[PDB]
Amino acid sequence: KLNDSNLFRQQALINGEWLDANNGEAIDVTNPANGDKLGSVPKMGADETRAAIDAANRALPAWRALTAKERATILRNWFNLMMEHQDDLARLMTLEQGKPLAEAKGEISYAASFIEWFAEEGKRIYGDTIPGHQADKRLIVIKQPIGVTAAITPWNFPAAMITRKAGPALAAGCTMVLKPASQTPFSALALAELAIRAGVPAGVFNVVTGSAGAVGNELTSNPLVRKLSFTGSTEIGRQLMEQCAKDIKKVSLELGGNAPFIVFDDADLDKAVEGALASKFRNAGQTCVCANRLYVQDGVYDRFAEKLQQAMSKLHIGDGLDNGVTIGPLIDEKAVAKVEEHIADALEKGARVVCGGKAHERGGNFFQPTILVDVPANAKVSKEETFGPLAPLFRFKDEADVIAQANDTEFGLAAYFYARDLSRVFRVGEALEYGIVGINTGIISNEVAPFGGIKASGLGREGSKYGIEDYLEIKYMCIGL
């Protein structure tokens, strides 16, 4: 398999040391395309996690004390190494998580861009001087690393989730203990390996593998951890925020979404269809910003449905390492069951399957890209994140009406719409209750803009100048002359 075999790691990284769990237990990792065992990863608990936090704390003063340029040098080394080893990293990711190799290569590039961006940002952590309240007073604001930080990351973007958190943390001058998804830990550990090679000192970046709560409970209850960042389900987000209350930790969360994708009568339809295909079926729909509800205005509903159906039959389901495959398997059978459930629920409420609608002939974790039409506003899918390759099409008549429908949810991460009228664009863009709004495009991803949710969708922002804020503390100094 790999050009560089040392990128494949079956041990956790704590304080510069590759280690097994104290008790020797491991978690098996399997290939979602076929069920084959790829390897394993330590099943760590509180004790190893505690040791990792103590290592992060011990390494903090010396990391914090480096110049921004010397941190930038190390981080840029990390970035360069990621790009150098791109092919191996992509292969590793396809094997453990399932997405097509081209998608995985794209993710490596995107993931790496966070390391580069924040290396640069670290040199631009600006304080302020503020005109004084009295002639004999001087006011200075500085921004300093929050300290030891914890990160919990999901399985759907096994590389980019890491770098979206480690990038700003390390560039801020913080240290980090990261717990990657048990289903896709290899990508995280490979990045850890490249961090060593880049010159990241022992204890500055630690990767601890184990079962959800064992590691997580220690991360949220240890007062040395001053900041937690989590990406995943809304329910676990709730529990983690509750747990963080004891120490009044600063918490960043990127949670559930239920993205509306809105096509107005004045849209460029071919572009809407391309946007919809890219937005819905990226990572087989296993994305927090995937179109989950497709609202199409009555004037263009029939034409759009036809074009979308034409475009969808062109997708190739298969093993993500094979030529021309554009839809891989879902992560597990639990993901499949949810897609199945959403389809059944839409049917019981009067929707019609136009195409797909069932598990793929391959079985296992493979599901057919599917289109539902005549989907009513009371359907589960209208309220609940699908996380799979299902396009449900909601009809609409009126702009005010669709805005009300789009916003009628506790979530508020990404939304998309297609329209050409300037005034319409402003009205809809402004009225949508979402943290991210794609306008005439289905692909919004980059490292330079703030990515995050409002409402039940989360707290804080990732990427951009705003992204590093969450890892800093403001200090106000008032000097008496």
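All residue numbers refer to positions in the sequence shown, first residue = 1.
- Judged by mean Cα B factor in the deposited record, 16-24 ranks above the other of 460-468 and 16-24.
- When 101-109 is weighed against 299-307, 299-307 comes out higher, by mean CA B-factor as recorded in the entry.
- Each of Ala190, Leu347, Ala404, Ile162 has a CA temperature factor in the record; the biggest one is found at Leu347.
- Per the deposited record, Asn283 carries the highest C-alpha B-factor of all listed residues (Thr184, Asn206, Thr94, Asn283).
- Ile248 sits in the lowest third of its chain by CA B factor, as recorded in the PDB entry.
- The deposited CA B-factor of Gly216 belongs to the lowest third of values across its chain.
- Residue-level temperature factors show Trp78 in the middle third of its chain, judged at the C-alpha atom.
- Sorting the modelled residues of the chain by their CA temperature factor places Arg293 in the highest third.
- In the PDB entry, a CA B factor belonging to the highest third of its chain's modelled residues is recorded for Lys37.
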